[PDB]
């Protein structure tokens, strides 16, 4: 699997907690607050992890410094109102366990009722570590 069962953080490392992160607008022609504005689950997943990368780089860190990831999905039309786990994985495997970014955080992923942003199908929460 593209995740670590456990991730150990040394006591000498500082933790960085990251607020829930929602996708960026993908289609400025689409009606406001619609899934079309942000993409299907795969496209929104790509957007959220791009954004998380930018957040971390602002702290001189990157996606490989993430030690824990929590993924909240809402149901998608492609999967009949169930979470689109395949689309999540298709986006996710582009950012973790890759040649460019080989590290894999601990992860939890599940389906919730709704996210505060209309049109959003995914929100991602993270904890990162900065070594001594």
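Residue numbers count along the first chain shown, from 1.
Chemist: Is the mean CA B factor in the deposited entry higher across 71-79 or across 33-41?
Modeler: Per the deposited B-factors, the answer is 33-41.
Chemist: Taking only the CA atoms, which stretch has the higher mean B-factor in the record, 107-115 or 17-25?
Modeler: Higher of the two, by average CA B-factor, is 17-25.
Chemist: Among all modelled residues of this chain, ranked by Cα B factor, put residue 3 in the bottom, middle or top third, i.e. lowest, middle or highest.
Modeler: Its C-alpha B-factor, which the entry lists for residue 3, ranks in the highest third among residues of this chain.
Chemist: Determine, from the deposited record, the chain-internal third of the Cα B-factor for residue 56: lowest, middle or highest.
Modeler: Residue 56: CA B-factor falls in the highest third of its chain.
Chemist: Considering every modelled residue of the chain and its Cα B-factor in the PDB entry, is residue 129 in the lowest, middle or highest third?
Modeler: For residue 129, whose C-alpha B-factor we compare with every modelled residue in the chain, the answer is the middle third.
Chemist: Can you work out whether the C-alpha temperature factor of residue 47 puts it in the lowest, middle or highest third of the chain?
Modeler: As the PDB entry reports it, the C-alpha B-factor of residue 47 lands in the middle third of its chain.
Chemist: Please say which third, lowest, middle or highest, residue 98 falls into when its CA temperature factor is compared across its chain.
Modeler: Answer is highest: the recorded C-alpha B-factor places it there.
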